[PDB]
Structures are given as structure tokens and as C-alpha cells.
């Protein structure tokens, strides 16, 4: 079973086998953790670079998680073994590592916690994890209850495996002073400079107990013996042996022995995390490890999540949509912009898109993100591939590989900010550039970004792609310096047309003419060189070849040039229907729209690394949600209301049981992708990546707020412009906007020809609420034909 519980606070899954990859996440200012329904977990923290405290049993690569992460028996996780001392029978919570038969199982994803309830052998177990707002530590609460009529003698064993910490130095021992287990290592390195760099690393891992235990074990191998995780030797014996780890793989195992009366419950608290030293671990203990500590942390954490609750609550005839939108969407949006995915060098397009989403949550964060991003613009006008969030940080990984699309996002996403807040005054703020002494207004920075995009085009008027655009791994189209991008051209035309609208609003008329003319020139160049007769191609290679065309067997059509040709005006009214049909026939699936099709099955080396990913995974033809929402947004821009809604609603798994099972995901986040290559590999199509990091969600939230519900800001006020699906006879929303609240009721009426809006029960003319007072609440009735 699977359903929302606790008035929307949590979402419960009642089988540990039906959806075995499913998971939820928690985060805070410095860390994140993905928790799998069976007990596996992946946790990363910032110090100020990424690190972990719970390691794999081998020397693992530096990485957070892979899409479709495989788990394996010794994967890091969070476990408790229960032993009936009278029978010797054992089970583990949450389900791994023993995988015994349970009488009850619940995995509860929470807004602010993650928890389980399980039962076996007549013993009822509860486990609850939460995080504080500002420190890196996991707060663990365990409850054990004898559910039967007679007393029961139990051994209870937390099992928090630390893993293989380091080949240079790893150990662990019990510390009575810290009150628990401290594992210790030295992160490996060879360069003397890295010793200085690594000096503040939190290379201890603690597992601390509020309640003193009967015994402990710190040696992984001694814990298992020949019985393994399934039946650990240390649990077969009466008492743990109290061993340590001396250049041996350490573990965190404690033992409590209890006689529990009929119906008696006992509570045990623990904290788990990284520390520089025992002093830090003790500081965390004193701060958190108590009923009062846990309560205060939970109260402060709930307040944090409430602070990000956003601006829209809905009541539609679809209760799955309601639950997702009201309870799950806002926190996922908030995570992205509040912590910027826990990287010190966010990819520029991610920093800008994620903070766009914050316009609807905490727009002062958005405002500062534009200021910060533009401070790092290059003197040429170009934007760097990443934005540095800390002094001394560096560009890493894909950010070192030259991509060309970084400027396009600036006006695209600033439009959402200006429409929502009306903060045109941001345009006058003065910020420096990455080098040189020039300090200029936001508005002048933006002019320079758009002059950059116009200048970074070939003799045909098409945008250079270098080693990629929005498609990160599309790296061999332009690596020789001539290849051009279909998507970036049509997106540039969009960007320039938006920015020209802003310039006109600001009385910067010469700029408006210049950018509008640029947009025309690009769209003309796209129509002459990129349009392929029924859809727009993807690009042109260094050697002059157009790809993403009907002559291509794989990669015959890409979604992105279509969406963005709609947005930027390359696609006129005659072409638009060709686009819609080509996308439906070649890209649409039951799990959503694929980003390209058919998926590539072998390298094509004038397109590049994207073609070597597994067909249907990631950029190679998945239902890549972020591309799907750009299409949805484009459909909204032309009033294709039914198509927009249908494709948006496909992004949410359920309630269909086959769909839920096939995607394998809890409906508590939107993942970066559901597997594509739907025609080529139907068995795996729809499978969830399980990755909660995705710029999808800022666009999905924008689409719902401005598009579907149609409650959009303008310089005059609140524009009412809904695109509800026709099936809905009625709906409600509550919109917070510019400090006021709008209680909106929508109803279809056969008595009218044209939408009619009533404010506080009297009819308005036009579609804008213009008199908005901070703290006031307004009743809006929107009657629709």
C-alpha cells in the first residue's frame, strides 16, 4: 500500500519489496541524505567541500549517487537488530540486512523526518531520523515495545557500519568519555599542499548513545564472523566482545539487554555524524542528544520547512495532484535554491534556474543570486560556466569543459522574478565584473550578456556550441570551433525578445530595438539552416552536417529545439502544428515526453558523449523531466492547455498501480528522469532515476502557479489567466502574492461566453487585480466557459 498520512505531513509505503529502490531525502544547510525504504542511505556533507562519514566497504570513487543507484548488502545504511534472548531468533529494522518476514512494515517519508514502524516476533519497533537546521548530525530515535501479554528478554543492537575509511590510516574504538563509538581516519593524499588543504577535515565518525549500553563492537569482521550480515556472529553470542579496529574496517555496533513487561516501550537516542575531534562530537552530544535537544531541533527544522512553503495551495478534483503540489513540491523547490545543491561551484544554468524557483518562496534569495551571479560575469559579457559560492573554490568537473549557453538563462529566469515581485529596482544595483575595475548596473550587465550571445554566432547567424549547451554531454558538435547549436539559437531569440520587453518597460528603447532585431535575425537564420521540414534540427557539426533530422536514424528528433522555437518565435503558426504532431508521434510516452528519440545505441562522434550513455538513460533519450517541463511551459505560452496539463500530470507517478510499480518511486519528489527509449526497451521504460536534484521543479512550480492556475504577476498586479484542464468542473487555489492572499474559486458555467472574474463578489472588467494591499485577503471567483 502507498498513501499520504498525518494530514499530508508524511507519505507511507507498506511493503519493503514492492518498490525496493524507493526513497526519500532530507537536507539542511550543510548536508543531505537519501534514505532508501530498506535501510540503505547515502549522506553527504560540506566542510566546506563535499565529504562523507559512512563509507563503502572498498575504496570508493568520489561521488554523491548515481542515477538508478544500485544498493548491495554492504552499502552504507542505518540498521537495528532485535534478538529474542529466549529463542535466539533475530530480525532487523528497517528490513535489511536480515530480510526476515515481518508482521508489519511502514516506511514514512516526511517533510521534516524519515521514519519506520515495523513488527516481528511480537515486538513493535519505531525508528525516526531527523536533522537539525545548521549542524551536520543525524538524530536517531528508536522505540522498542513488547506488544504481547508476557515479559520478553531482548538484545537490541544498532548497526551503523562506518565502512572502509582510508588505506592510509583507519581505526576505531569505544570512548566512555564521548559516550559511544569514534572511528577515525586520515583522508588519503600525496601532495604536501593537500596536507594544508585538508587540515580542517572531519575525519572522525561518531555514533553516540544517550543511554549507556551493555556492550559494543567496533570491528566489522568481528561483528559478522562467518554468519555475515544475515546472522552476525557477535549477535549469536550472549554479549558483544567489545573489540576495537586497528587498521581494520571499523563499525558502530552497540548492545542493550532488556526485559520488557507486557506493553512496555522504551526509547533510545543516538546521534551519527562526522567530527574533527572528540571535542566536536561532545559539543554535538551536549547540544542535541536528549529529549529536549531532539524536540528543539525538530521545532526549528519544521519552522525552516514552513518558511519555504511557497505561494500556492490547491484543491482540485485530482487528490494525487493536490498532495504532490501542496506537500512535496514546495520543499523540493526550496532545497535547490536554499542550498544550491551542496556544491561550491553550481553550474551557472543551475544556479540561475534554481534561484528562479525561489522567486515564489523567498524572492530576496533570488535577488541576491542575480547579484552574485552577475558579479562573476566576464568583461566580455560572457558568463562563466559555474558560479563560485566560496572564496577559494574552483570550477569542477563539467564546469571545466567549455559550454556556451550560460547567458541565455539570465533574462529567461529574471522574467519570472520581475513578474512575481515587480522589483525592477534590482536593475539599478551596481555590481563588479569577474576581473577589471568596471562596476555597472545589473541592467548594463544584462545588455552585455545579450551582446555576448549576439556576438557568439557564426557567419550564418547561429550560436556556437563549443563542447556543449544545455545538454551537458553534447560535446563533439562544435569542439573544433565551427559547430553550432539549434537549441541555443532559438533560445537566444527568446532571451533577446524577453530582455527587449524589459528594456521597453525601462525606457531603454535603443536596446529594445537592437535586441528585437537580433532575435529576428536569429530566427531567420534558424528557419533557413535548422528547420528540417517537420521540426527543427539540433545543431550543425563542425563539418557542416545538420543533425536531429528526419534523415537520422537515431536522434531523429530532439524536444528542446521544438519547445524553444515556440518560445522564441522561430516557430510560426504554420510550423507549430508540425511540432506538436512530431513530438506526439516520436517523443511522447505514458511516463512523459522523451527528450530525443530514438535513443543513440553507439557513439556518433560529431555529436559526442551523449550518444554513449545507455539508450533511455539521462540525456540519451530519457524522459528527462527538465526538458519535458520546458515543452510544457512552451505549450502554455501558446494556450495548448489540455496538452500542457496532460504531459505535466504524467510527471507524477500514480495512482495507477502498474505505473507506480514500474517507475518504482515514492511520489514525494520529481526525479531528474524516468527511463526513456520507450520503443527500443519497453521493459525498463519509466524507471525512476531516484535523483531529487533537478532544475525541473522550479519550472514545474512556475507552470502551475502562472500557467495552469494562471495567477501571474505583472507591473499592474495579479493577472488571472487560467488553463485548467476541461475535466475539472470546479477547483480552488490559495495564492500568496506581494504580501496578500487570494482565495480563488474556479467554476465552469454554460451561462457565459467569456471568463468572468469577481473580486469580493462584484464583477471586474479586464483580468488584472490591481489594488493589492499587504496583509489583506481577497475572494476571487473565476467563472469559465
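Numbering follows the first chain given and starts at 1.
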query	finding
Mean C-alpha B-factor comparison - 40-48 and 727-735, higher one	727-735
Per the entry, higher mean C-alpha B factor between 432-440 and 293-301	432-440
Out of 56, 32, 35, 61, residue topping the C-alpha B-factor column of the entry	61
Per the PDB entry, maximal CA B factor within 259, 280, 203, 469	259
Lowest, middle or highest third - CA B-factor, residue 349	lowest
Third assignment of residue 409 from its chain's C-alpha B-factors	lowest
Residue 176, C-alpha B-factor rank within chain (lowest, middle or highest third)	middle
Relative C-alpha B-factor of residue 132, binned into the chain's lowest, middle or highest third	lowest
Residue 28 - Cα temperature factor, lowest/middle/highest third of chain	lowest
